[PDB]
Amino acid sequence: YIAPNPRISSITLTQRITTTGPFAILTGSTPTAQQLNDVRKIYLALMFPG
Amino acid sequence: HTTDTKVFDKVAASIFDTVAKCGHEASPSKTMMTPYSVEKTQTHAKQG
Amino acid sequence: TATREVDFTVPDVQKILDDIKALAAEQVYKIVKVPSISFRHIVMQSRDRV
Amino acid sequence: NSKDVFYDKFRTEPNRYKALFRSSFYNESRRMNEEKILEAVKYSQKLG
């Protein structure tokens, strides 16, 4: 599994000024074991259509 | 503006040569030249 | 937890400027007294042809 | 020298100055202090 590039959400202009994305709290969060299992379920369902 | 060793050595040698020719004596053992550590008036700071 | 992974999301523009300034001093040509040898001769037991 | 600082959080970053520390200046700075520690140790051992 590969995460997207971090530079997409936020861009830096100078050393003290940066832009903020709309989903910072969700981007900064980390999954738990059960959430990881649910993600695996999502991908398994996607890869077998019907 | 550089990271080459030979340029930095010549710069330091120029500083010490100048302060020596100026008449005073500057000890290379106490003189400090660092990126990340800052000291003044018995106050010390390391990496913020 | 915060300092667990190394971050690369902030590019060092000063480093790039220093690199370009250093590259600007690269030399391409050479000044020589005698051009390089382009033709050579193999000698054999003959005294008339090489 | 601004006095209006405020602090966000900690971070870890690569060090751009890593290659510079093979310089002669830092080597002599270290070697002065090794001589200074060793001569003091010798004097302390000799007196006692």
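Residues numbered from 1 in each chain as written, not as in the entry; some residues may be left out. Chains lettered and ligands numbered in written order. Part of a larger assembly, values for the part shown. Heavy atoms only, no water.

With that out of the way, let us pick up the overall build of chain B. The helix and strand tally for chain B stands at 1 helix and 2 strands. Start at the N end of chain B and walk to the C end: the helices and strands fall as α-β-β. C-alpha atoms of chain B, sized along the principal axes, occupy 35 × 30 × 15 Å. Within the structure as shown, chain B displays about 4,200 Å² of accessible surface, and the carbon and sulfur contribution to it stands at 58%. In chain B, which carries 6 positive and 5 negative side-chain charges, the distance between the mean positions of the two groups comes to 3 Å. (Helix = DSSP H or I, 4+ residues; strand = E, 2+ residues; numbered from the N terminus. Areas by Shrake-Rupley, 256 points an atom, 1.4 Å probe, with all protein chains shown as cover. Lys, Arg positive; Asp, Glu negative; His and termini not counted. Charge placed at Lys NZ, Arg CZ, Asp CG, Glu CD.)

Here we come to the interface of chain D and chain B. Residue-level contacts link 15 residues of chain D with 13 residues of chain B. Carbon and sulfur atoms supply 66% of the area buried between chain D and chain B, which totals about 1,100 Å² over both sides. Per-residue buried area on chain D facing chain B is highest for D:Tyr17, D:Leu20 and D:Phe25; these three make up 43% of the total on that side. Seen at the junction of chain D and chain B, the total is 0 salt bridges. (Contact = heavy atoms within 4.5 Å. Buried area = accessible area lost by both parts, 1.4 Å probe. Salt bridge = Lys/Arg side-chain N within 4 Å of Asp/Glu carboxyl O.)

With that settled, consider the interface of chain C and chain D. If you look at the interface, chain C gives 6 residues, while chain D gives 5 residues. Here chain C packs against chain D, burying approximately 560 Å² in sum over the two surfaces, 64% of which is carbon and sulfur. Here chain C and chain D share 1 residue pair in polar contact between them. Looking at the side of chain C that touches chain D residue by residue, the class counts come to 1 nonpolar, 1 polar and 4 charged. (Polar contact = N/O pair within 3.5 Å; in protein donor to acceptor, adjacent residues only side chain to side chain. Nonpolar A, V, L, I, M, F, W, Y, C, P; charged D, E, K, R; others polar.)

We now examine the nonpolar core. Counting 6 residues, the largest nonpolar core is built from B:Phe8, B:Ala12, B:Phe16, D:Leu20, D:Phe25 and D:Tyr26. Looking at which element gives the most residues to this core, the answer is helix 1 (residues 5-21) of chain B, with 3 residues. (Core = buried A, V, L, I, M, F, W, Y, C linked by side-chain atoms within 4.5 Å. Buried < 20%, exposed > 50% of the residue type's maximum accessible area, 1.4 Å probe, protein only.)

This part is about the arrangement of the chains. Sorting the 4 pairs of chains in contact by contact count puts chains B and D at the top. Separated throughout, chain A and chain B approach each other most closely at a C-alpha pair spaced 15 Å apart.

Another aspect to go through is the packing of helix 1 of chain B against helix 1 (residues 24-47) of chain D. The geometry of helix 1 of chain B relative to helix 1 of chain D is characterised by a closest axis approach of 9 Å and an angle of 60° between their N-to-C directions. Regarding the angle of helix 1 of chain B to helix 1 of chain D, the classification is oblique. Taking contact as the criterion, the partners of B:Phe8, B:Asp9, B:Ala12 and B:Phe16 in helix 1 of chain B are, on helix 1 of chain D, D:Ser24, D:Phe25 and D:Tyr26. Of the residues contributing to the contact of helix 1 of chain B with helix 1 of chain D, the split by class is 5 nonpolar, 1 polar and 1 charged. (Axes fitted to C-alpha atoms, helices over the stretch in contact; angles between N-to-C directions. Parallel < 35°, antiparallel > 145°, perpendicular 65-115°, else oblique.)

The full count for this structure, using the stated rule, is 6 aromatic pairs over all chains. For the pair B:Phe8 and D:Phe25, a centre-to-centre distance of 6.4 Å together with 85° between the ring planes defines the contact as edge-to-face. Here D:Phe25 lies in helix 1 and B:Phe8 lies in helix 1, a pairing that spans two chains. Grouping residues by exposure puts B:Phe8 and D:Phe25 together as buried. Ring geometry for B:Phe16 and D:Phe25: centres 6.1 Å apart, planes at 35°, overall tilted. With B:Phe16 in helix 1 and D:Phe25 in helix 1, this residue pair bridges two chains. (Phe/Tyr/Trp six-rings, centres within 6.5 Å; stacked < 30°, edge-to-face > 60°.)

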